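By convention here, the first residue in the shown sequence is residue 1. For the numbers below, each heavy atom of this structure counts, side chains included, while hydrogens, waters and symmetry mates do not.
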Amino acid sequence: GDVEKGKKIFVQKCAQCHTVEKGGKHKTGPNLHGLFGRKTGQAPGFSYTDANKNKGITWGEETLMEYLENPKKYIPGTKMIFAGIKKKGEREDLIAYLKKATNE
Ligand code: HEC
């Protein structure tokens, strides 16, 4: 994906509930720094639902592509409010941005 396009999607659709920078605060949702290669429910100090703590997948490009299409279908019982991104390319652009931003 295209990182600049991703950054725009992040600002518009995610930044209202999430930070990405190292040591960024938890907001409504967890700070996402270090997500890639991590199991569900491991942002330090955030209080997750049982649903997301116990989903038991590792985050990465493929699992984010599925989750972001429809979060509640992927993690029934999640408290994240987000319908989903239908378009494959927009999911790829957002994921490429996150892969950069959450590891910088
Ligand atoms: C925009 C498309 C995004 C992206 C990329 C993510 N979200 Fe959220 N998020 C919110 C809350 C309250 C949670 C906790 C859920 C729970 O405990 O049930 C989440 C969780 C996530 C994750 C999982 C993180 C993990 O460590 O397992 C991921 C990858 C994630 N989000 C990405 C809250 C919100 C919002 C509040 C209205 C909105 C909007 C979004 N999230 C949007 C996004």
Q: Mark yes or no for whether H18, through its side chain, and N31, through its backbone, hold a donor-acceptor pair below 3.5 Å.
A: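 Flag not set: sc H18 to bb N31 has no pair under 3.5 Å.
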**Q.** Side chain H33, main chain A43, donor-acceptor under 3.5 Å
**A.**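 Side chain of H33 to backbone of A43, a donor-acceptor pair under 3.5 Å: no, none is there.
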Side-chain donor-acceptor distances from residues 49-59 under 3.5 Å, at least two apart:
residue: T49; atom: OG1; partner: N52; partner atom: N; Å: 3.1
residue: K53; atom: NZ; partner: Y48; partner atom: O; Å: 3.2
residue: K55; atom: NZ; partner: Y74; partner atom: O; Å: 2.7

With side chains defined as the heavy atoms from C-beta onward, is the minimum distance between [X] and [Y] less than 4.5 Å?
{"X": "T28", "Y": "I81", "value": "no"}
{"X": "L94", "Y": "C14", "value": "yes"}
{"X": "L64", "Y": "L35", "value": "yes"}
{"X": "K88", "Y": "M65", "value": "yes"}

(Q) List the residues meeting side-chain contact (heavy atoms from CB on, under 4.5 Å) with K5, not counting sequence neighbours, and say none if there are none. (A) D2, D93
Q: Only counting residues at least two apart or in another chain, list the ones meeting side-chain contact (heavy atoms from CB on, under 4.5 Å) with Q42.
A: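 Result, side-chain contact (heavy atoms from CB on, under 4.5 Å) vs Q42: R38, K39.
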Atom pairs and distances, donor-acceptor, side-chain atoms in residues 95-104, under 3.5 Å, two or more places apart:
residue: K99; atom: NZ; partner: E61; partner atom: OE1; Å: 3.1
residue: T102; atom: OG1; partner: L98; partner atom: O; Å: 2.7

Q. Applying salt bridge (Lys or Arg N to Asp or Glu O under 4.0 Å), which residue pairs with at least one partner in residues 14-32 are found, sequence neighbours left out?
A. none
Q | Nearest heavy-atom neighbours spanning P71 and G84 | A | CD-CA, 3.9 Å
Q) salt bridge (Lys or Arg N to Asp or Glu O under 4.0 Å) with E69: which residues, sequence neighbours excluded? A)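 Partners of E69 by the salt bridge (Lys or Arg N to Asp or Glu O under 4.0 Å) criterion, ordered by chain and then number, come out as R91.
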